[PDB]
Number of protein chains: 2
Amino acid sequence: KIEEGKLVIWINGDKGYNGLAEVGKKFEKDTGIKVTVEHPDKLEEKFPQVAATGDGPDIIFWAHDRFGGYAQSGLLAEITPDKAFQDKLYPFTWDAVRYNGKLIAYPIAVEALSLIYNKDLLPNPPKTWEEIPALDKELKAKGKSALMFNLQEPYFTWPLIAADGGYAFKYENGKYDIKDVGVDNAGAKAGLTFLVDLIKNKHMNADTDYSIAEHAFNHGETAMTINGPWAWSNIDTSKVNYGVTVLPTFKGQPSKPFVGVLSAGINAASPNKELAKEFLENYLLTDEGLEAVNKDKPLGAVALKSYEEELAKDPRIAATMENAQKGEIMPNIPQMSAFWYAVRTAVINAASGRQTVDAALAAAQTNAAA
Amino acid sequence: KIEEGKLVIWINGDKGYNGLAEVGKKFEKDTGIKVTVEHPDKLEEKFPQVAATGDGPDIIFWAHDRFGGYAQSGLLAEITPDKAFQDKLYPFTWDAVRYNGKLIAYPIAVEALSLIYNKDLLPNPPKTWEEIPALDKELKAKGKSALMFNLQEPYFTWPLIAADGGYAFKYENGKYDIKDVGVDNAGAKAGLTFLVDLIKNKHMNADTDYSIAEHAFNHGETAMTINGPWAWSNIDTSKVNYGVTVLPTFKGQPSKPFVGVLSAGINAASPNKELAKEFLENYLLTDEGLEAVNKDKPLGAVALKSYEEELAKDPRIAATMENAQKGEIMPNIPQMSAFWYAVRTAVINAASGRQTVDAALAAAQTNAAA
Ligand SMILES: OC[C@H]1O[C@H](O[C@H]2[C@H](O)[C@@H](O)[C@@H](O)O[C@@H]2CO)[C@H](O)[C@@H](O)[C@@H]1O
Ligand SMILES: OC[C@H]1O[C@H](O[C@H]2[C@H](O)[C@@H](O)[C@@H](O)O[C@@H]2CO)[C@H](O)[C@@H](O)[C@@H]1O
Ligand code: NI
Ligand code: NI
């Protein structure tokens, strides 16, 4: 069972967990309460299982999309920031963590995928997806490749799927229609078909995952990658001369990455709710707190106004916001877990040649819908 | 086309490529020849495509199993070590690189998978695969897991498949019978069935790859992993107090890891063959040469007798040889690429629920064969 008198925190391991731990040490120094930061694998799936039994972390960090489901299942404590605190963050970030009229998590940062490119290999990155095959031919002749990114998680291919018409659930007047899924319209099909053609024509490998893409980019094996702000720190360390820019267009339309608000929720089963509120409100969501995390691994555009105002001048953040503006904020509805699983299956099956793009997305639509 | 007057080397990125570059620095100093060490993704699949055209690296490093195919395809230079030099390496290593009566690569080191475990989480690691599921249940109660290893590459699952009867090709009197495959007998089925039941019962996850397992073990998230000597370096850098030991038995029989001899072959289209020979014979295959590579990432038991005599005292090396002794040296026949592809497909489909184990191995039996 969750222990009283300490805080256990779960956060994805590609985020600045060491920096978050620094905020934890500061918390312990002031309160005597020990803070343990952990990054279990597949934490976003482990949470619902263990929290159901009254176990797991006091605080869970994830993009807001998963939180509606946690809330519907009664896994989250309703949070109680007063009016002064709420005023400290951008109103739209609060909207992302609202579910059935209740705030169920604290917004931290706004994430969106960007095109990352090696300036020495590619001083002028492609403006369109359509340009990528020829770049790859040219680079292959130098023992390099044009583009590598994670093909195991649908999050990374979604921008291309959505670019020319793909969407998750139809949204009208502040309500998602869970029976109206947009993963199998002409736009979605066109997008995935292009991705699969890249693979068939040997410009990408269906096996490529996050670690393989990161290694390749950071070692100058590939000219481009697609990734979030968290990834910039490792590139800095690699001494690759990189730029961050708008994603390529597809059929003349911008790529539309799903926008995630990194959020922190409080386990409904936690006997440490007040401590968790104190930690999140008085320590983490301050200029000093977000600074420590961000210095470890960049957060992106933070929810805290005072600190975003000082990050805003960073061109990498301007590119992130530009890509966010072109994309869409993720739904937070409970149906999202089913949506993602359906799209992951379709992309893997189509990329590997197990099913046609059309069969893959037709099953995803059915699987995702109610 | 391959440039005259330099050496380009390809080696897997998880091995000691920076150490190897150091050997290259000394080679340049004595011979005037610059050495470039590269670690392309999927280098062992890319090599035959580019080599057939006269392109690629001067020297390729990979386990010996891939080299029969390269040699049969006309892509490797026959090597010419005199008897004095041949006497410096273990006779069985030369056997691994002999194909159609010709030596086709220089043996470097002998690799075998071992069980690696965290002595603090699990001071008493299992003697059997069979006690793993309950150990996992027990570790889950403490917020950890029992075992994580790469489920994307069949190499890592093979020891379990073979433990109780699985095999690649029937071997008799120095000849492999390529029409007699053993991936679909009672033993192979039992092995794969145990693995799939692990995943089914949430003791492992089918998506787990090399980077995920390494991250998990090196951060104290899981009590055990399965990996080779090259992995020990990063574990040393980690906080983890670890041990390396014999793999668990299955149905009472030892796990049977395929044993690879890391070997260096010379591209048949290299205009630098004499230089490649001098590099490999007079620089790399010396105590000082292998020490430089080994200090970067452990090689395993090396092929050079003089140096292996110094490494043999290492209990990690003792465990490596014990597991190797219980396993089988891989065939080097051209048919091995089709074997591995067939097995990869079977494990991924079985582990993910796409096919039953029986249907997966039934298919693999026929695909692997001729
Ligand atoms: O791939 C599906 C996955 O997408 C999103 O997860 C992101 C997460 O938002 C990012 O912060 C980062 O960690 O990468 C993840 C993708 O690997 C959704 O948030 C998630 O629910 C969904 O499963
Ligand atoms: O997984 C199939 C794969 O197994 C072997 O590859 C090993 C290699 O021998 C090791 O040195 C290390 O790099 O890990 C590899 C597995 O990821 C075979 O040598 C290879 O041909 C085969 O594809
Ligand atoms: Ni982790
Ligand atoms: Ni590499």
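Highest mean packing comes first when the peptides A:117-129, A:320-332, B:119-131 are listed by Cβ atoms within 10 Å, giving A:320-332, A:117-129, B:119-131. Scattering from the protein assembly as shown was approximated by placing one identical point on each alpha carbon and applying the Debye formula without solvent; log10 I(q)/I(0) at 0.07 1/Å stands at -0.53. Taking amide H as placed 1.01 Å from N in the peptide plane, the amide H of B:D180 sits under 5 Å from that of B:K170, each at least 5 places away or on another chain.
Using the Stokes-Einstein relation with a Kirkwood hydrodynamic radius computed over Cα pairs, the translational diffusion coefficient of segment A:1-111 at 4 °C and a viscosity of 1.567 mPa s comes to 86 µm²/s.
Computed from backbone phi with θ = phi - 60° and the Karplus coefficients 6.51, -1.76 and 1.60, the 3J(HN,Hα) list for segment B:218-225 is 5, 10, x, 8, 9, 6, 9, 9 Hz; x is used for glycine and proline. Less than 5 angstrom separates the built amide H of A:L247 from those of A:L115, all sequence-distant by 5 or more or on a different chain.
Every helix of 4 or more DSSP H residues in the protein assembly as shown counts as -39500 (n - 2.57), and over all residues that averages to -12000 deg cm²/dmol at 222 nm. Summary for A:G5: label point 7 Å along Cα→Cβ; distances to the equivalent points in the other copies, ascending, 7.5 nm.
Applying the criteria of a DSSP loop state and at most 13 other Cβ atoms within 10 Å to the trypsin sites (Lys or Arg not before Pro) of segment A:208-312 yields A:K239. The charge dipole of chain A, taken about the Cα centre with unit charges on the Cβ atoms of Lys, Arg (+1) and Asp, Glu (-1), comes to about 660 debye, rounded to the nearest 20. The packing ranking of peptides B:261-269, B:39-47, A:170-178, highest mean first, is B:261-269, B:39-47, A:170-178, where packing means the average number of other beta carbon atoms within 10 angstrom of each residue. The calculated FRET efficiency for the pair B:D30 and A:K83, based on their C-beta separation and a Förster distance of 56 Å, comes to about 0.15.
Which entries in the list A:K170/A:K256; A:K102/A:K295; B:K29/B:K277; A:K137/B:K46; A:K137/B:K42 go over 23 Å, if you measure between the two C-alpha atoms of each? Over 23 Å apart, Cα to Cα: A:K102/A:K295.
Beta bridges from DSSP with both residues in chain B: antiparallel share about 70 percent, rounded to the nearest 5. Taking the convex hull of the alpha carbon positions in chain B and averaging its projected area over all directions gives 17.6 nm².
Shielding value for A:211-217 is 3, the average number of Cβ atoms from other chains within 10 Å of each residue's Cβ. Scoring B:58-68, A:9-19, A:150-160 by mean Cβ neighbours within 10 Å over their residues and listing the highest first yields B:58-68, A:150-160, A:9-19.
Distance from the axis that maps chain A onto chain B is least for the Cβ of the chain A residue given, with the whole Å value, as A:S211, 2. The dipole here belongs to the protein assembly as shown: it is taken about the Cα centre, uses +1 on the Cβ of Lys and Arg and -1 on the Cβ of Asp and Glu, and is about 840 debye. First check a/c for segment B:222-370, with a ≥ b ≥ c the square roots of the eigenvalues of its C-alpha gyration tensor; if it is under 1.5, answer rounded, and if not, answer prolate when a/b is larger than b/c or oblate otherwise. The shape class here is oblate. Distant-in-sequence amide contacts of A:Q253, defined by a placed amide H-H separation under 5 Å and a gap of 5 or more residues or a different chain, comprise nothing. If you sort the three axes of the alpha carbon gyration tensor as a ≥ b ≥ c, you get a/c of 1.5 or more for segment B:151-310 and a/b no higher than b/c, which makes it oblate.
The modelled label-to-label distance for the pair A:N241/A:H219, using points 7 Å beyond Cα in the direction of Cβ, is 2.2 nm. Where both residues lie in the protein assembly as shown, what percent of DSSP beta bridges are antiparallel, nearest 5? If I count the DSSP bridges inside the protein assembly as shown, around 70 percent turn out antiparallel.
Inter-copy label distances at B:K200, 7 Å along the Cα→beta-carbon direction, one decimal in nm, shortest first? Those separations, rounded to one decimal, come out as 3.6 nm.
Note that each Cβ is placed from the backbone with ideal geometry, even for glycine, and that neighbours are counted across all protein chains shown. Values quoted throughout were computed directly from the atomic coordinates according to the rules given, and no laboratory measurement underlies them.
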